[PDB]
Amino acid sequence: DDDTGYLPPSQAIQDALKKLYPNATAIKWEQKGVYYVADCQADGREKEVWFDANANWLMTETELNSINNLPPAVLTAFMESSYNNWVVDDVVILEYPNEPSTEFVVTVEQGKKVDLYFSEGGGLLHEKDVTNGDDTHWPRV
């Protein structure tokens, strides 16, 4: 909005989204720091698609409904983990232009809140405490 001096994205950024995600609909844009973020629906899922000022794609976050939307190796890894008993608060996919190019993030709580980052093959890449402050996901660069 006018209150934060929002400027709409350049046509190049908009075109970059259309190329990456031709099926994207319900597109709304926002500025965050040095990024533009498209909140949209694509391929049946809610997504947030991040671009830099050069109209280069840096990350997509996709909302998943539950652990049952995780691929087999990832669901298995979660259910084998020390956190298998914890309450699940959210499940998302993070995709990036560099490796590891896909992370599945399961947010669990048992007093403390923890984001569990899994590789596609079911390996635990990160356990990040998100009990306080920013529990949101930003690009790597």
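One-based numbering along the sequence shown.
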query: 105-113 or 48-56, whichever carries the higher mean Cα B-factor; finding: 105-113
query: 120-128 set against 14-22, stretch whose average Cα temperature factor tops the other in the entry; finding: 14-22
query: C-alpha B-factor winner, where the candidates are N68, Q31, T62, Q41; finding: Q41
query: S82 by Cα B-factor - lowest, middle or highest third of the modelled chain; finding: highest
query: For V37, the third of its chain into which the C-alpha B factor falls; finding: middle
query: B-factor third for the C-alpha atom of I27 within its chain; finding: highest
